[PDB]
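Text of the file entry_23.csv, holding CSV, N, CA and C atoms:
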```
chain,number,residue,atom,x,y,z
A,1,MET,N,0.8,-1.2,0.0
A,1,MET,CA,0.0,0.0,0.0
A,1,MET,C,0.9,1.2,0.0
A,2,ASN,N,0.5,2.2,-0.8
A,2,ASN,CA,1.2,3.5,-0.9
A,2,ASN,C,1.0,4.3,0.4
A,3,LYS,N,1.9,5.2,0.7
A,3,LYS,CA,1.8,6.0,1.9
A,3,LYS,C,0.6,6.9,1.8
A,4,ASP,N,-0.3,6.8,2.8
A,4,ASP,CA,-1.6,7.5,2.8
A,4,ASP,C,-1.3,9.0,3.0
A,5,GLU,N,-2.3,9.8,2.8
A,5,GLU,CA,-2.2,11.2,2.8
A,5,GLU,C,-2.1,11.7,4.2
A,6,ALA,N,-1.3,12.8,4.4
A,6,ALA,CA,-1.2,13.4,5.7
A,6,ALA,C,-2.2,14.5,5.9
A,7,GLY,N,-3.4,14.3,5.5
A,7,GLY,CA,-4.4,15.3,5.6
A,7,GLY,C,-5.7,14.8,6.3
A,8,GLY,N,-6.1,15.4,7.4
A,8,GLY,CA,-7.2,14.9,8.1
A,8,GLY,C,-6.9,13.9,9.1
A,9,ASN,N,-6.5,12.7,8.7
A,9,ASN,CA,-6.1,11.6,9.6
A,9,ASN,C,-4.8,12.0,10.3
A,10,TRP,N,-4.1,12.9,9.7
A,10,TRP,CA,-2.9,13.4,10.3
A,10,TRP,C,-3.2,14.2,11.6
A,11,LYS,N,-4.3,14.9,11.6
A,11,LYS,CA,-4.7,15.6,12.8
A,11,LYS,C,-5.0,14.7,14.0
A,12,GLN,N,-5.3,13.4,13.6
A,12,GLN,CA,-5.6,12.4,14.6
A,12,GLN,C,-4.3,12.0,15.3
A,13,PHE,N,-3.2,11.7,14.4
A,13,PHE,CA,-2.0,11.2,15.0
A,13,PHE,C,-1.1,12.3,15.6
A,14,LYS,N,-1.3,13.5,15.0
A,14,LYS,CA,-0.7,14.6,15.6
A,14,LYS,C,-1.1,14.7,17.1
A,15,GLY,N,-2.4,14.5,17.3
A,15,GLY,CA,-2.9,14.5,18.6
A,15,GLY,C,-2.6,13.3,19.4
A,16,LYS,N,-2.6,12.1,18.7
A,16,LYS,CA,-2.4,10.9,19.3
A,16,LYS,C,-1.0,10.8,19.9
A,17,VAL,N,0.0,11.1,19.1
A,17,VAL,CA,1.4,11.2,19.6
A,17,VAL,C,1.6,12.2,20.7
A,18,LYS,N,0.9,13.4,20.6
A,18,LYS,CA,1.0,14.4,21.6
A,18,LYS,C,0.3,14.0,22.9
A,19,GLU,N,-0.5,13.0,22.8
A,19,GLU,CA,-1.1,12.4,24.1
A,19,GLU,C,-0.1,11.4,24.7
A,20,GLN,N,0.4,10.5,23.9
A,20,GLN,CA,1.3,9.4,24.3
A,20,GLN,C,2.7,10.0,24.7
A,21,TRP,N,3.3,10.8,23.9
A,21,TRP,CA,4.5,11.5,24.2
A,21,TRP,C,4.2,12.9,24.8
A,22,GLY,N,3.8,13.8,23.9
A,22,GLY,CA,3.4,15.1,24.3
A,22,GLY,C,4.5,16.2,24.3
A,23,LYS,N,5.8,15.7,24.4
A,23,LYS,CA,6.9,16.7,24.3
A,23,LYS,C,7.1,17.2,22.9
A,24,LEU,N,6.6,16.4,22.0
A,24,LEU,CA,6.8,16.8,20.6
A,24,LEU,C,5.8,17.8,20.2
A,25,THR,N,6.2,18.8,19.4
A,25,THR,CA,5.4,19.9,19.0
A,25,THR,C,4.9,19.7,17.6
A,26,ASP,N,4.0,20.6,17.1
A,26,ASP,CA,3.3,20.4,15.8
A,26,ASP,C,4.4,20.4,14.7
A,27,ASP,N,5.5,21.1,14.9
A,27,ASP,CA,6.6,21.0,13.9
A,27,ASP,C,7.3,19.7,13.9
A,28,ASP,N,7.5,19.1,15.1
A,28,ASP,CA,8.1,17.8,15.2
A,28,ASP,C,7.2,16.8,14.5
A,29,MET,N,5.9,16.9,14.8
A,29,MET,CA,4.9,16.1,14.3
A,29,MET,C,5.0,16.0,12.8
A,30,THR,N,4.9,17.1,12.1
A,30,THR,CA,4.9,17.1,10.6
A,30,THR,C,6.1,16.5,10.0
A,31,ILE,N,7.2,16.5,10.7
A,31,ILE,CA,8.4,15.8,10.2
A,31,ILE,C,8.3,14.3,10.3
A,32,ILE,N,7.5,13.9,11.3
A,32,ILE,CA,7.3,12.5,11.6
A,32,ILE,C,6.2,12.0,10.6
A,33,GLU,N,5.0,12.4,10.8
A,33,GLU,CA,3.8,12.1,9.9
A,33,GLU,C,3.5,10.6,9.9
A,34,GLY,N,4.4,9.8,9.5
A,34,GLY,CA,4.2,8.4,9.5
A,34,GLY,C,5.5,7.6,9.4
A,35,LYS,N,6.6,8.3,9.7
A,35,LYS,CA,7.9,7.6,9.6
A,35,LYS,C,8.2,7.1,11.0
A,36,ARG,N,8.4,5.8,11.1
A,36,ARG,CA,8.9,5.2,12.3
A,36,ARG,C,10.2,5.7,12.8
A,37,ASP,N,11.1,5.9,11.8
A,37,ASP,CA,12.5,6.4,12.1
A,37,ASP,C,12.4,7.8,12.6
A,38,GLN,N,11.6,8.6,12.0
A,38,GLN,CA,11.5,10.0,12.4
A,38,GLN,C,11.0,10.2,13.8
A,39,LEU,N,10.1,9.4,14.2
A,39,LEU,CA,9.6,9.4,15.6
A,39,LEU,C,10.7,9.0,16.6
A,40,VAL,N,11.5,8.0,16.2
A,40,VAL,CA,12.6,7.6,17.0
A,40,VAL,C,13.6,8.8,17.2
A,41,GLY,N,13.9,9.5,16.1
A,41,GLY,CA,14.7,10.7,16.1
A,41,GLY,C,14.1,11.8,17.0
A,42,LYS,N,12.8,12.0,16.8
A,42,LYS,CA,12.1,13.1,17.6
A,42,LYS,C,12.1,12.8,19.1
A,43,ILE,N,11.9,11.5,19.4
A,43,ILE,CA,12.0,11.2,20.9
A,43,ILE,C,13.4,11.5,21.4
A,44,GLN,N,14.4,11.2,20.6
A,44,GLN,CA,15.8,11.4,21.0
A,44,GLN,C,16.1,12.9,21.0
A,45,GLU,N,15.3,13.7,20.3
A,45,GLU,CA,15.5,15.1,20.2
A,45,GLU,C,14.8,15.9,21.3
A,46,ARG,N,13.5,15.7,21.4
A,46,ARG,CA,12.7,16.4,22.3
A,46,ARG,C,12.9,16.0,23.8
A,47,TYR,N,13.0,14.7,24.0
A,47,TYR,CA,13.3,14.3,25.4
A,47,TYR,C,14.8,14.2,25.5
A,48,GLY,N,15.4,13.6,24.5
A,48,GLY,CA,16.8,13.3,24.6
A,48,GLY,C,17.1,11.9,25.0
A,49,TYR,N,16.2,11.0,24.7
A,49,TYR,CA,16.3,9.6,25.0
A,49,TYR,C,17.4,8.9,24.1
A,50,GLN,N,17.7,7.7,24.5
A,50,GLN,CA,18.6,6.8,23.7
A,50,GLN,C,17.8,6.1,22.6
A,51,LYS,N,18.5,5.5,21.6
A,51,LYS,CA,17.8,4.8,20.6
A,51,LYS,C,17.0,3.6,21.1
A,52,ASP,N,17.6,3.0,22.2
A,52,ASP,CA,17.0,1.8,22.8
A,52,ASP,C,15.6,2.2,23.4
A,53,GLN,N,15.6,3.3,24.1
A,53,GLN,CA,14.4,3.7,24.8
A,53,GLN,C,13.4,4.3,23.8
A,54,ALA,N,13.9,5.0,22.8
A,54,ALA,CA,13.1,5.7,21.8
A,54,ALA,C,12.3,4.7,21.0
A,55,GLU,N,13.0,3.6,20.5
A,55,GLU,CA,12.3,2.6,19.7
A,55,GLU,C,11.4,1.7,20.5
A,56,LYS,N,11.7,1.6,21.8
A,56,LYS,CA,10.9,0.9,22.7
A,56,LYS,C,9.5,1.5,22.8
A,57,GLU,N,9.5,2.8,22.9
A,57,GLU,CA,8.3,3.6,22.9
A,57,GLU,C,7.6,3.6,21.6
A,58,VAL,N,8.4,3.7,20.5
A,58,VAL,CA,7.9,3.7,19.2
A,58,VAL,C,7.2,2.5,18.8
A,59,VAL,N,7.8,1.3,19.0
A,59,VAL,CA,7.2,0.0,18.7
A,59,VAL,C,5.9,-0.2,19.5
A,60,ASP,N,5.9,0.2,20.8
A,60,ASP,CA,4.7,0.1,21.6
A,60,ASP,C,3.5,0.9,21.0
A,61,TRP,N,3.8,2.2,20.8
A,61,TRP,CA,2.8,3.1,20.3
A,61,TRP,C,2.4,2.7,18.9
A,62,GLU,N,3.3,2.2,18.1
A,62,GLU,CA,3.1,1.7,16.8
A,62,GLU,C,2.0,0.7,16.7
A,63,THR,N,2.2,-0.4,17.5
A,63,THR,CA,1.3,-1.5,17.5
A,63,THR,C,-0.1,-1.1,18.0
A,64,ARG,N,-0.1,-0.1,18.8
A,64,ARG,CA,-1.4,0.4,19.3
A,64,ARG,C,-2.2,1.0,18.1
A,65,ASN,N,-1.6,1.7,17.2
A,65,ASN,CA,-2.2,2.4,16.1
A,65,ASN,C,-2.1,1.7,14.8
A,66,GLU,N,-0.8,1.6,14.3
A,66,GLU,CA,-0.5,0.8,13.1
A,66,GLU,C,-0.9,1.5,11.9
A,67,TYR,N,-1.5,2.7,12.0
A,67,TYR,CA,-1.8,3.5,10.8
A,67,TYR,C,-0.6,4.3,10.4
A,68,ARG,N,0.4,3.6,9.9
A,68,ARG,CA,1.7,4.2,9.6
A,68,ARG,C,1.9,4.3,8.1
A,69,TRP,N,1.2,3.5,7.4
A,69,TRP,CA,1.4,3.4,5.9
A,69,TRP,C,0.1,3.9,5.3
```

Just dump the structure as structure tokens.
Amino acid sequence: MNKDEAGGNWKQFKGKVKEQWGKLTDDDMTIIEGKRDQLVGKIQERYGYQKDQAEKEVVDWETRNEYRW
């Protein structure tokens, strides 16, 4: 499946991530959008976590939603 549009449904995950994490801002959000890697980076940027911890939270939140593609 091709990458879905970042319009409308994006407002959902923008909010969703900002509930689960929250440290990330709307600018951080738009860089992520649906990239697993980008969220990993953002977690390591906004909080300053390690890759281990960042992907730990990413995978968890991922499986909760899974609307990544």

**Item:** All residues 8 Å or closer to stretch 31-46 of chain A, only N, CA and C atoms, same chain fewer than 5 positions away omitted, as a ChimeraX atom specification
**Value:** /A:6,10,13-14,23-26,51,53-59,67-69

**Item:** atom CA of residue A:47 to atom CA of residue A:9, straight-line distance in Å
**Value:**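 Between atom CA of residue A:9 and atom CA of residue A:47 the gap works out to 25.2 Å.
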
**Asked** Mind checking DSSP for chain A and telling me the helix (DSSP H, G or I) residues as a PyMOL selection string?
**Response** chain A and resi 9-20+26-32+36-46+51-65

**Message:** Between atom N of residue A:27 and atom N of residue A:1, what distance in Å does the model show, to one decimal?
**Reply:**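 It comes out at 27.2 Å.
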
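In this structure, atom CA of residue A:19 sits 25.1 Å away from atom C of residue A:2.
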